[PDB]
Amino acid sequence: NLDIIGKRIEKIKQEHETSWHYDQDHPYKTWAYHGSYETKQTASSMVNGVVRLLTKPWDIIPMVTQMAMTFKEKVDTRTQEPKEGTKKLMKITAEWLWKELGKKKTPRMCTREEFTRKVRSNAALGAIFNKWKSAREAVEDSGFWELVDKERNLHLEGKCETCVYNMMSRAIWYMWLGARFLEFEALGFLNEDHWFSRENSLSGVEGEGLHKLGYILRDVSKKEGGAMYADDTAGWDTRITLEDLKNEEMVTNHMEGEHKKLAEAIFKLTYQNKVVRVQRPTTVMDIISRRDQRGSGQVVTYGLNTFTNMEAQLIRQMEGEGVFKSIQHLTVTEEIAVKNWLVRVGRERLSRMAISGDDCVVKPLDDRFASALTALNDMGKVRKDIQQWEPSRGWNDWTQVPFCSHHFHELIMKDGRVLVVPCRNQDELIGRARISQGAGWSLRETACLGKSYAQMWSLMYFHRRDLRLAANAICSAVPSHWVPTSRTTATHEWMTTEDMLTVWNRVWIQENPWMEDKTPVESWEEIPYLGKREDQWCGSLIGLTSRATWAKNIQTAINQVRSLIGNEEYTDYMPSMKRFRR
Ligand SMILES: [Zn+2]
Ligand SMILES: [Zn+2]
C-alpha cells in the first residue's frame with residue numbers, strides 16, 4: 001500500500017489543489033479510491049474513400065457497413081488467491097521455463113539510441129501528448145532526459161514519482177514517454193532479442209508471420225496424440241493474479257548490475273503496484289490503485305502473456321497425464337515427479353503447442369486433457385463460452401482450428417507443390433480495409449493506406465477471387481511509385497515499392513523451408529485459388545449479379561478514382577488476370 005504509491009498520489013493532489021475532493025459516491029469496489037479533480041475532454045473510425053469506391057458491391061452488405069459505425073464492468077472484478085498445490089506447481093514450472101528460455105540468450109539493457117530509432121519510425125509505444133507535441137520532438141530536447149534521469153535514480157533508490165497509468169473486451173493503459181523509456185530499457189530485450197521465437201521457446205511464434213502459422217499448425221498435427229484444443233480465456237488481462245506477476249519477476253534472477261535493480265523496480269513499483277487516472281462523467285479525474293491484473297506496455301504485455309500462458313498449458317498437460325493428484329497440496333515426492341517430468345519431456349511438450357499471448361493451440365498426449373480443469377480454473381484462467389466443469393471440445397482436423405483470428409487451407413499448385421495459406425470471413429477483411437484511424441488524412445495518404453491493404457491481400461489472400469481482383473484494381477488506381485503507409489505498425493513484407501510477384505516468389509518459394517523445389521513462378525496465373533465452393537463458404541460474392549457487374553466494368557471504377565487523384569503516372573495491373581488478358 002501507501003509507502004510505494006503515496007509519493008505518486010501526493011504529487012498529483014498538489015497540481016489540482018484547487019479541485020481536490022474525496023468523493024463519497026464513487027463506483028469502485030475492487031479498485032482502491034484516493035480522490036478526484038476537474039477535467040473535461042473525450043476518437044472514432046473514419047471511412048477510406050479510395051477502398052470503398054473500388055468495393056461497391058459491399059455497400060449493401062450489413063456485416064461490412066456496420067463495422068464502420070460507433071468491458072469496464074470486467075476490470076472491476078476480483079480474482080481469488082490459488083491453493084498451495086497450485087502455487088507450488090506455478091513456481092516450479094516458471095523457475096524451469098526461465099532457465100530454458102535463458103540457455104541461449106543473455107539479458108541486457110536497451111538504449112536511448114535504440115529507443116530514438118523506434119520513435120523516429122512510428123512504432124505504437126502508447127504514450128500521451130503538455131510540454132512537447134509529439135514523441136519525435138521530446139527525444140532530441142536534452143531537458144526530457146534530465147527528467148528521465150531524475151526518475152531513473154529514484155528507481156535505484158527503490159521509489160517512484162511520475163510512472164502513472166491512463167485508462168481509455170479491450171482496455172489500453174498509456175504512460176508518459178519517460179516511463180515507457182524506463183520500461184523499454186529494463187524489459188525490451190524480451191521482444192528485441194526474440195525470447196519467444198519458435199527456435200528459442202518451442203511453443204512461441206514471435207516474428208513468424210501469417211504465411212508460417214499454417215505450416216506450424218500442420219507440423220503440430222503430425223505428432224501422435226489426441227484432438228487439437230484451442231480454448232479462449234475470458235478477459236485474460238483481468239485474470240492475471242499477483243502470483244502470476246511474482247513468477248514473471250523471476251526473470252530478474254538471470255540479470256546483474258544496474259540492470260537487475262532497474263528491472264526489479266519496474267516489476268515492484270509499476271506492475272505489482274499500479275496508480276491509474278480515469279475520466280468519469282458525473283467530468284472528473286479519479287485516482288485509483290490496485291496490485292493485480294495486467295496493464296504494462298502492449299509489447300511487454302505480449303511477451304509476459306506468452307510466458308504465463310506457456311506455464312498454464314504445461315500444467316494442464318501435467319494434470320491430464322496424472323503427474324499430480326490434487327491442487328490442495330503437493331506431497332514431497334510429487335514435487336520430485338513434477339521436476340522429473342519437466343527434465344525428461346518438458347521440451348517435447350512445448351513443441352506440441354502454438355502460443356501467441358492469450359491465444360493457444362495444444363495437441364496433448366491424449367484426450368484426458370479435455371476434462372483436466374482443476375488447475376486451469378484455480379489459476380483463474382476460466383474458459384470463454386462453456387460451463388466451468390464441462391469438458392473441452394477439441395478439433396479433429398488442423399484446417400478447422402482457429403488461431404490468431406484465422407484458419408488455414410491446404411492448396412495444391414498446378415505443378416503439384418503445396419501451399420498452406422491463411423484465411424478468414426471475407427466480410428471481416430473488406431470491412432477493415434474500408435476503415436482509417438485519425439484526422440488530417442490528405443487524399444495522397446488515404447490512397448497510400450489503401451495500397452498497403454491491397455499489397456497485403458496479394459501476398460496473404462491471393463487465393464480469394466474477390467480480393468485478388470480488388471487488389472489489382474486498387475494498385476491500378478493509385479500512382480505506381482507512391483509508397484504504402486500505415487500510422488500503427490509480425491513480418492510486414494507487403495510494405496514496399498518492389499514488384500509484388502517478386503515478393504510472392506521470395507516469401508512462398510525462395511525463403512519457405514516447407515518447399516523443396518525452388519523453381520520460381522513466372523506469372524500470377526501459375527498461382528492458384530481455393531475451390532469455387534470453398535471461396536463462397538469463406539464469404540465470396542462469386543455467382544451474384546452485383547459481383548459480375550463490378551468485375552465486367554472494373555476499368556470504369558479505376559478511372560473514377562484516377563480522375564479524383566489527378567494526372568499522375570499509373571500502371572494497369574488487370575491484364576495479369578486471365579479474363580482481362582484479351
Ligand atoms: Zn517510476
Ligand atoms: Zn477459408
Side-chain angles (χ1 to χ4, degrees), residues 2-12 63 127-128 144-166 173-187 210-211 213-214 217-218 230 258 261-277 287 289 295-297 300 395 397-412 419-432 456-457 460-468 528-542:
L2 257 128
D3 62 332
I4 287 186
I5 47 154
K7 197 141 134 57
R8 259 173 290 173
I9 291 159
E10 286 167 23
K11 169 158 201 284
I12 304 158
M63 292 298 316
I128 76 165
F144 182 88
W145 299 108
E146 296 167 68
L147 303 173
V148 174
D149 283 324
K150 195 171 163 185
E151 256 278 290
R152 188 153 164 182
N153 286 298
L154 272 166
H155 286 164
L156 300 168
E157 221 176 300
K159 311 129 187 250
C160 186
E161 197 181 286
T162 63
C163 305
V164 157
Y165 286 119
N166 303 31
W173 301 19
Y174 301 79
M175 275 168 145
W176 84 289
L177 197 70
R180 247 71 199 92
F181 171 69
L182 286 177
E183 186 199 53
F184 177 71
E185 163 173 79
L187 294 175
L210 205 45
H211 58 287
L213 295 190
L217 291 201
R218 181 185 73 173
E258 272 196 355
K261 300 297 154 178
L262 287 164
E264 280 183 16
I266 293 301
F267 272 114
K268 258 193 171 60
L269 295 162
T270 72
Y271 289 6
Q272 293 184 10
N273 279 284
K274 308 177 185 62
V275 172
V276 192
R277 45 168 69 182
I287 301 306
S289 64
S296 320
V300 170
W395 300 89
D397 177 18
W398 71 265
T399 64
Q400 315 295 301
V401 167
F403 189 48
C404 307
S405 299
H406 287 73
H407 58 278
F408 302 85
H409 298 249
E410 210 173 39
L411 172 57
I412 287 160
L419 301 176
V420 181
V421 298
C423 194
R424 52 195 292 189
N425 175 267
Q426 195 191 259
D427 297 340
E428 303 178 5
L429 291 176
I430 289 177
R432 302 161 90 77
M456 181 176 71
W457 291 349
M460 306 289 87
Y461 305 120
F462 50 87
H463 53 87
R464 313 302 308 284
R465 290 165 177 78
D466 301 335
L467 295 190
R468 198 191 294 201
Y529 296 111
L530 299 181
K532 185 177 136 127
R533 193 185 297 287
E534 309 178 289
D535 209 352
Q536 295 171 317
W537 288 343
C538 292
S540 177
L541 304 191
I542 200 78

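Numbers for residues simply follow the sequence, beginning at 1. In each ligand, atom 1 is the first atom listed, and ligand 1 is the first ligand listed. Quick note: numbers below take in every heavy atom, side chains included, and nothing from hydrogens, waters or symmetry partners.
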Within 6.0 angstrom of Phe408 CZ, more than 12 heavy atoms from elsewhere: yes

Would you list the protein N, O or S atoms within less than 2.8 Å of the Zn ion (ligand 1), leaving out water? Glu151 OE1, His155 NE2, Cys160 SG, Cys163 SG

Taking all non-hydrogen atoms of both residues into account, name the closest pair between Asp535 and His463 and its distance. OD2-O, 4.1 Å

Between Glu183 and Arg180 (salt bridge meaning N to carboxylate O under 4.0 Å), is one present in this structure? yes

Relative to the ring of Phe184, is the ring of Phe181 parallel (under 30°), tilted (30 to 60°) or perpendicular (over 60°)? tilted

State the atom name: nearest N, O or S atom of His409 to the Zn ion (ligand 2). NE2

Residues 399-411 vs salt bridge (charged side-chain N to carboxylate O under 4.0 Å, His left out), sequence neighbours excluded, gives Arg218-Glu410

Does the ring centre of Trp176 sit less than 6.0 Å away from the ring centre of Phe144? yes

